[PDB]
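> Sequence, then structure. It's an experimental one.
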Amino acid sequence: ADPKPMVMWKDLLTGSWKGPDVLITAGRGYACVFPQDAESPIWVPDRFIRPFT
């Protein structure tokens, strides 16, 4: 069931923190988020995500 797990994540191109957005997967140094207004999922290093409960 929902809600999906949510994270804040850093946009490394603008430097700004984004979210909270649904976390798709995370591990081995990476994390995938999929904002509702994104064309496709977003991948960032997992040192740049923060859980948001």
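That came through fine. Residues are numbered from 1 along each chain as shown.

> which residue ranges form the helices in this protein?
For the chain, helices defined by DSSP state H do not occur.

> middle-most residue in it, spatially?
Geometric centre of the chain, nearest residue: residue 33, 3.6 Å, by CA atoms, centre = their mean.

> Hmm, it is touching residue 10, no?
No: with contact defined as CB atoms under 8 Å, residue 33 does not count as touching residue 10 (10.7 Å). The C-beta positions use only the backbone N, C-alpha and C, and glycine is treated the same way.

> what sits in contact with each of the two?
Listed as contacting both residue 33 and residue 10 by CB atoms under 8 Å, 6 or more residues apart in numbering are 44, 49.

> follow-up on the earlier one: and the residue nearest to the centre of the chain, what is it in contact with?
By CB under 8 Å, 6+ apart, residue 33 lies in contact with 7, 9, 19, 21-24, 41-42, 44, 49.

> quick one: which of those residues sit in strands?
Per DSSP state E, strands hold the following members of these: 7, 9, 19, 21-24, 42, 44, 49.

> hmm, back to that, top of the contacts of residue 33 by number of neighbours, please.
Within the contacts of residue 33, residue 9 tops the neighbour count with 25 neighbours, counted by other CB atoms under 10 Å.

> Leaving out chain neighbours, which residue sits closest to it?
In this structure, residue 9 finds its nearest non-sequential neighbour in residue 49, 4.9 Å apart by CB to CB, 6 or more residues apart in numbering.
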